Amino acid sequence: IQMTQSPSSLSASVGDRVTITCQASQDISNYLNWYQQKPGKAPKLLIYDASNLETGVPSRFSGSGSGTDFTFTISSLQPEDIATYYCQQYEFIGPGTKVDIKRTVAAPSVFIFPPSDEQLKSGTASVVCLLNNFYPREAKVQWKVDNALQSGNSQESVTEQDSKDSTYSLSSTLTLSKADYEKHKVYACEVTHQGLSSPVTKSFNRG
Amino acid sequence: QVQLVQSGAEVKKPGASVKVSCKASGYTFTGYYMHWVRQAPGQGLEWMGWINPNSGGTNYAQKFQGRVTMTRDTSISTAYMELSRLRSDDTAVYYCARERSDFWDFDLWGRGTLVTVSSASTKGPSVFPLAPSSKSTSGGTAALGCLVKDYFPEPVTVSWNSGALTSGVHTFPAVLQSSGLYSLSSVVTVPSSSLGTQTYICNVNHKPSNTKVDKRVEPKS
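**Student:** Outline the overall build of chain A, listing residues and values.
**Tutor:** What chain A contains, in helices and strands, is 2 helices and 19 strands. Taking 207 residues into account, the globule formula puts the C-alpha radius of gyration at 17 Å, and chain A, at 22 Å, lies well above it. With respect to the three principal axes, the spread of C-alpha positions in chain A is 65 × 35 × 30 Å. Long-range pairs, those at least 24 residues apart, make up 57% of the contacts in chain A between residues at least 6 apart in sequence.

Below, the structure is given as structure tokens:
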């Protein structure tokens, strides 16, 4: 038995109506509950038994459905509603729907940081590319060394959507040994984002 | 008021056991089924099982059959979830939750307990500067930061200028590297003018290893 939620994620503007759908692979019950989980916090019960608003939860939240088809609606999206929403029927829990706030497209400010002497002396080099204050979340960072595309070489991390300005920031780290580092000359990160007319490349020459 | 209070974070080798407690406060502990739900980082919720605190009866998801044991001590209103023969992929935040009614509407949740399971052993981070330069400055804004690398387990805290600096600070979620060690970055954006007039220092604290490091971040010369 599988619970399906649609869509997997969505962006909507403040004041928008948001509808999330939950579907059971097979009939389970008319009893379905919806939970909201904000980043860093425990899940919180919002709707129980398909359509009942939990006491103390704002009236903009509602739910409907029966059989295998259920919906959860936020009538008017508010900034504090950024979270992941989950449906549940007994042991079965949906994969969740992430909601973020839609805003004006913002191009990231792209910055690059060479490895520190401290790190090199320890035998490793980490090169960091920073994309700051962008929207939407979707972004592509790829590393080039002497113009050779890298793979299996880097990891990235993205912040939660900021509360004051609704942006994201992204940090990407390319790591390799000092021995490997000193083989090549040019280190570049190539950034693609809706807010950039064409990809941006930020790079430096070792030494 | 009415609360579920969970025990603190755990760090475990594979094959160890972990026992997480959940204390019920302000309501009749024996009157409600207590469930356990877990969440691996970056993933969804996964139901594990329940216990009936009144009778002691338990029911577990098949996945955990043979490895999980749920128990209660009615005398202190506390439920326990013990998971044995731990696997690295048991790494998760473990929640207790109260079943309010036969809806299985989980109205009350513990704050969660992080359980990290890894072959890794505790290790303090190395803190390297992310030096500001012409490649981290544009439009009158400079970015700088610290790389906090190769530590285990989570979490670490990072502050800037002993907490004097808060605006423009972004401390990123750590990544789990191919080494099984965590690495994270904390950066701050500042008026680029202040690079010539202000000293910037990141204060890194890794309490699991009792490591405290302050790192001056100089502009690259």
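**Student:** Talk me through the domain arrangement of chain B; I want residue IDs and the actual numbers.
**Tutor:** Residue and element names in this part refer to chain B. According to the domain assignment, chain B contains domain 1 (1-119) and domain 2 (120-221). Between domain 1 and domain 2, the C-alpha centre-to-centre distance is 35 Å. Between domain 1 and domain 2 lies a buried interface of about 460 Å² when both sides are counted; carbon and sulfur atoms form 54% of it. Area buried by domain 1 at its contact with domain 2 is led by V11, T116 and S118, which between them contribute 60% of it. Where domain 1 meets domain 2, there are 0 salt bridges. Here domain 1 and domain 2 share 3 residue pairs in polar contact between them. Class assignment for the residues of the side of domain 1 that touches domain 2 results in 2 nonpolar, 3 polar and 1 charged.

**Student:** Which residues make up the nonpolar core, and what values go with them?
**Tutor:** Residue and element names in this part refer to chain B. Counting 39 residues, the largest nonpolar core has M34, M48, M81 and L83 as its most contacted members. Contributing elements (two or more residues each) for this core: β3 (18-25), β4 (34-39), β5 (45-51), β7 (68-73), β8 (78-83), β9 (92-99), β10 (106-109) and β11 (113-117). Residues within four places of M81 in sequence aside, it is in contact with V18, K19, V20, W36, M48, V68, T69, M70 and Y94.

**Student:** Go over the state of the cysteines, please, and point to the residues and values.
**Tutor:** Residues and elements named next belong to chain B. For the coordinates displayed, the defined rule picks out 4 disulfides over all chains. With a sulfur-sulfur separation of 2.0 Å, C22 is cross-linked through a disulfide to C96. Looking along the S-S bond of the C22-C96 disulfide, the torsion reads about 75°, which is the right-handed sense. Of this pair, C22 sits in strand β3 while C96 is found in strand β9, placing the two residues 74 residues apart along the sequence.

**Student:** Any chance you could break down the sheet that holds strand β14 (residues 140-145) of chain A for me, citing the residues and the numbers?
**Tutor:** Pairing within the open sheet is antiparallel, and its 4 strands lie in the order β15-β14-β18-β19 (chain A). Two strands lie at the open edges of the sheet, namely β15 (148-149) and β19 (200-205) of chain A, each paired on one side alone.

**Student:** Talk me through the interface of chain A and chain B; I want residue IDs and the actual numbers.
**Tutor:** Chain A puts 42 residues into the contact, and the matching count from chain B is 38 residues. At the level of elements, β4 (33-37), β5 (44-48), β9 (83-89), β12 (109-113), α1 (117-120), β13 (124-134), β16 (154-158) and β17 (168-177) of chain A are the ones that each hand at least two residues to the side of chain A that touches chain B. The residue inventory of the side of chain A that touches chain B, partitioned by class, reads 18 nonpolar, 16 polar and 8 charged.

**Student:** Just give me the short version of the sheet that holds strand β19 (residues 201-206) of chain B, but keep the residues and values in it.
**Tutor:** Residues and elements named next belong to chain B. Taking strand neighbours across the sheet as the criterion, the 3 strands line up as β15-β19-β20 in an open arrangement whose pairing is antiparallel. What marks the edges here is a single partner per strand, and that holds for β15 (157-160) and β20 (211-216). Between one strand and the next, the sheet's axes are offset by a mean angle of 15°, whatever the strand orientation. Alignment of β19 against β20, held across 6 bridges, turns out to be antiparallel. Opposite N203, over in β20, you have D214 as the bridge partner.

**Student:** Help me get a handle on the pattern of salt bridges, residues and values and all.
**Tutor:** Within the structure shown, the criterion is met by 17 salt bridges over all chains. Here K215(B) makes a salt bridge to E118(A), at a shortest N to O gap of 2.9 Å. In this pair, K215(B) sits in strand β20 while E118(A) sits in helix α1, so the two residues belong to two different chains. A relative accessible area of 35% means that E118(A) is categorised as partly exposed.

**Student:** Just give me the short version of the domain arrangement of chain A, but keep the residues and values in it.
**Tutor:** All names here are of chain A. With domains assigned, chain A is organised as domain 1 (1-102) and domain 2 (103-207). Summarising the inter-unit geometry, the C-alpha centres of domain 1 and domain 2 are found 35 Å apart. Approximately 490 Å² of surface area, both sides summed, lies buried where domain 1 meets domain 2, with 43% of it carried by carbon and sulfur atoms. The tally of links from domain 1 across to domain 2 stands at 5 residue pairs in polar contact. Its residues assigned to classes, the side of domain 1 that touches domain 2 comprises 3 nonpolar, 1 polar and 2 charged.

**Student:** Give a detailed account of the pairing of strand β3 (residues 18-24) of chain A, specifying residues and quantitative values.
**Tutor:** Along a regular strand, successive side chains alternate from one face of the sheet to the other. Residue and element names in this part refer to chain A. Pairing geometry for strand β1 (residues 3-6) and β3, over 4 bridges, is antiparallel. Each residue of the ladder has a partner; that of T4, found in β3, is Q23. Alignment of β3 against strand β8 (residues 69-74), held across 6 bridges, turns out to be antiparallel. Counterpart to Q23 in the pairing with β8 is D69.

**Student:** Residues and numbers for the environment of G63(A), please.
**Tutor:** Residues and elements named next belong to chain A. Residue position: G63 is located in strand β7 (residues 61-66). Taking the C-alpha atoms as reference points, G63 and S151, separated by 88 residues in sequence, lie 44 Å from one another. With sequence-adjacent residues up to four places away left out, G63 is seen in contact with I47, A50, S51, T71 and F72.

**Student:** Which residues make up the side chain of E99(B), and what values do they have?
**Tutor:** All names here are of chain B. Here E99 is to be found in strand β9. Within the buried set, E99 has no salt-bridge partner at all; the shortest N-O distance to an opposite charge, 9.6 Å, is to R98. In this structure the side chain of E99 is engaged in a polar contact, spanning 2.8 Å, whose partner is the side chain of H35. When neighbours within four sequence positions are excluded, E99 is seen to be in contact with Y32, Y33, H35, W104, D105 and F106.

Criteria and cut-off values
Residues numbered from 1 in each chain as written, not as in the entry; some residues may be left out. Chains lettered and ligands numbered in written order. Heavy atoms only, no water. Residues with missing side-chain atoms left out of burial classes, pairs and counts. Helix = DSSP H or I, 4+ residues; strand = E, 2+ residues; numbered from the N terminus. Rg over C-alpha atoms; globule rule 2.2 N^0.38 Å. Contact = heavy atoms within 4.5 Å. Domains from an automatic or database assignment. Buried area = accessible area lost by both parts, 1.4 Å probe. Salt bridge = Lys/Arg side-chain N within 4 Å of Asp/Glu carboxyl O. Polar contact = N/O pair within 3.5 Å; in protein donor to acceptor, adjacent residues only side chain to side chain. Nonpolar A, V, L, I, M, F, W, Y, C, P; charged D, E, K, R; others polar. Core = buried A, V, L, I, M, F, W, Y, C linked by side-chain atoms within 4.5 Å. Buried < 20%, exposed > 50% of the residue type's maximum accessible area, 1.4 Å probe, protein only. Disulfide = S-S within 2.5 Å. Pairing = 2+ DSSP bridges. Axes fitted to C-alpha atoms, helices over the stretch in contact; angles between N-to-C directions. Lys, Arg positive; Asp, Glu negative; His and termini not counted.

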